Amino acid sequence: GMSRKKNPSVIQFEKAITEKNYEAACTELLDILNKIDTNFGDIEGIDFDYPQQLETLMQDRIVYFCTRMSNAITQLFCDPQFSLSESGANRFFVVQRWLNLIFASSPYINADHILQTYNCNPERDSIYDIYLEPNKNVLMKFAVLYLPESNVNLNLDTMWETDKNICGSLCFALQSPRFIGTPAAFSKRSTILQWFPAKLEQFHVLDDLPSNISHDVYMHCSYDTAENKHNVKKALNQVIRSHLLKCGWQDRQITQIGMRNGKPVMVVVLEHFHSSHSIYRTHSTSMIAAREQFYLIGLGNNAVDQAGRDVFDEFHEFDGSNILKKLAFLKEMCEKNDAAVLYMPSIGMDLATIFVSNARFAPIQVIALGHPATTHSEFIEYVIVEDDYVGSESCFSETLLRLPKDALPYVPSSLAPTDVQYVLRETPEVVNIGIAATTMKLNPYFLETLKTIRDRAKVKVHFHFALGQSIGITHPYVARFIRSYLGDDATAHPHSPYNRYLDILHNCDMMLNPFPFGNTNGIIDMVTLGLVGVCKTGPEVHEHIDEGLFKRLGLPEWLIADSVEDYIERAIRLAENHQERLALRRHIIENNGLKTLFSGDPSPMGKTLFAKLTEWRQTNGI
């Protein structure tokens, strides 16, 4: 068939390896991994032959692909004549999360069998220790293949002293997957969140780090369980600020407050704002309402649709991928309008936005919690959040503007089902428990908790995981992880179209929410299907939303657990107590608390920010 561009090819990769054309082999491997990255794990459009038995068996074909690719990478990286360049190593660190899955979704688990070929010390105390010859080539190959699922010992202080850039690059790579759930991967990331911030702080630029996964580092620390998990963000901001200044940046001087139609100007900088996205559903009504106090200028990408653009008085596209040009365009927009407020409803999904948060454009700079975590930025004054979603204020470096619980009325998805079907089983022989969670939300604590519920419950249970982001070569690994805790008592469903996803959940008798990072959309889905479930609460907003939303929707407090032991007890109770469970489901079906999420007075955000501006003006005399 005709296509836009030649597909990356396993055959061409293998051929280059055979010919010891190392440059062409590296190029083909990077092209394969980059295309997988583009398609979020899907391997369509990567060329390979396979036995005809696998034509209709997608999971088996994916494992075959991962196995074949693992074999080829083994042949290449074990070759002592293969010399990896520094720019080569940098490109591999950016896609290490995909390398991980090539091994982790194969039967091999990891690339440790390659690492073992690099050991030069026959007198080692442990097979888990790898001693390298003192050349940068073997150190880089070691580090590139030190994967999340590796069982090899690595002492970070040792690596740091040997080569800071390689050490830092590996630490980025190990933070960057969207599934860091296994004991081995979660343990590495855990250790990094404690050890790495004081080291990362020492970098002055991002030039020798894998820059393209910086925003993943920024976002992903929120899925760890440590109280101080967001510390790496403070460190990353310092590096970003330094990097920005070393590119010649100068902060805007605030000398005037511009007016348009007699109102001060709010510039809104958007990461995702298509009307099909959550952030539009959660945050658009309060922006529209703020036009009563401010003139709103929205800056977003080409992909924003008309409904998205229309929330603003005027809208401008960000032309291209260059971050300096974006900040320059934003700077000129704030200068031209003498902007009063800079608002970012989400920060973290784009590196450009993180740069923005580390510079001065307007006297009041504000985020909302599209990604629910503190910035640790010195340049962000305020966070907009619903009062009932806040746990501890100490989780944020910013000052929280705690709005009324109805101040951000949601807009319903247009894909919302209109003729929901209900299965209310009176006395099921097996209680089917649905878990709607992106892979980022899975971790050993959560899985161990489910295992305990299974082992202690006096009813039989089966866990159905509806796994957002478990796509293509991600899936076997995630499935094996689940199996390692729950055996035959769980089913791992790949990321699916919305209707399939709702079919999976609707056949469950109850749901359980992940922790520490809970759900929002998944709770909406739950009550849409007339289901009930248990959640865990805690101090972060991303821990506490579930509690607030359950209360908004009229679910009772016993379903909201403080400790892990509490969660276990409440989950068992909901599973065992068939009549109690069905009564709550009848409450939810009849009450339709969902409709109340779409109502509220949206004016507080505008009014609160206007009051803050007033106070700023009379403090500063501008």
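Start at 1 with the first residue shown and count on from there.
- Query: Comparing 382-390 with 177-185, which has the greater mean CA B-factor as deposited?
  - Reply: Taking the mean C-alpha B-factor of 382-390 and of 177-185, the larger value falls to 382-390.
- Query: Comparing 503-511 with 334-342, which stretch shows the greater average C-alpha B-factor in the deposited entry?
  - Reply: Comparing 503-511 with 334-342, the higher mean C-alpha B-factor belongs to 334-342.
- Out of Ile73, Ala490, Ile254, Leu447, highest CA B-factor residue: Checking the PDB record, the top C-alpha B-factor among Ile73, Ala490, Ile254, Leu447 is at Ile254.
- Options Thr191, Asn358, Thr474, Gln250 - largest CA temperature factor per the record: Among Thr191, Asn358, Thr474, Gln250, the PDB entry lists the largest C-alpha B-factor for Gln250.
- Query: Lowest, middle or highest third: where is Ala111 by C-alpha B factor in its chain?
  - Reply: Lowest third - that is where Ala111 ends up once the chain's C-alpha B-factors are sorted.
- CA B-factor placement of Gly88, once the chain's modelled residues are sorted into thirds: According to the entry, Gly88 has a C-alpha B-factor in the chain's highest third.
- Message: Per the entry's values, where does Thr67 land by CA temperature factor relative to the rest of its chain, in the lowest, middle or highest third?
- Response: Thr67: CA B-factor falls in the lowest third of its chain.
- Message: Ranking every modelled residue in this chain by its Cα temperature factor as given in the entry, which third contains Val10?
- Response: It belongs to the lowest third of the chain when residues are ordered by C-alpha B-factor.
- Query: Considering only modelled residues of the same chain, in which third does the CA B-factor of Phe172 rank: lowest, middle or highest?
  - Reply: Lowest third of the chain for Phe172's C-alpha B-factor.
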